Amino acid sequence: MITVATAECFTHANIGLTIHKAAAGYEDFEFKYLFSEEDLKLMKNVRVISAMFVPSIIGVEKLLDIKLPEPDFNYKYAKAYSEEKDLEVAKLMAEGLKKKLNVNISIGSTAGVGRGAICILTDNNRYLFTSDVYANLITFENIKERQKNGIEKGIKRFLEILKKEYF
């Protein structure tokens, strides 16, 4: 099977949970609209090993045996980075997760202040993009919209990548 794992913060593990639901053939799920019927057939060849929500630096670091940069902001509930460090962390987590779990495709996501970042790392390439929504984890400005767009864009890109590289 094509194995996937994720380490997600702003998208709340829903990239990986959607991939799982699609792969396991759930009849209805929140972001099913992103998958064509043919996509849903392709998805049955995918297995999710883990989808982790990892808001804390110490959690990411201990679970993946990596080191993250210091947060840019004081915030109790989650590591809070500017967009530059979110882009760096999404790559650090995707890379660490791929190594930890030996999966075909690893996904990292993080967003603090700004548009956040999603990294999709396959056996062949590393993709890294922001979301399309500027938001602020601390003030909650646009946070739900950023989470939604991050999950939609992460899934849309995952599907494109999966088809390009594996089908």
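Position 1 is the first residue in the sequence shown; the rest follow in order.
Comparing 99 to 107 with 33 to 41, the higher mean C-alpha B-factor in the PDB entry belongs to 33 to 41. The stretch 19 to 27 shows the higher mean C-alpha B-factor when 19 to 27 is compared against 5 to 13 in the entry. Across the residues 66, 52, 58, 113, the deposited record lists the maximum Cα B factor for 58.
When the CA B factors of the chain's modelled residues are split into thirds, the value for residue 92 lands in the middle one. Annotation for residue 133: C-alpha temperature factor in the middle third relative to the rest of the modelled chain, per the entry. Residue 77: CA B factor in the middle third of modelled residues in this chain (values from the PDB entry).
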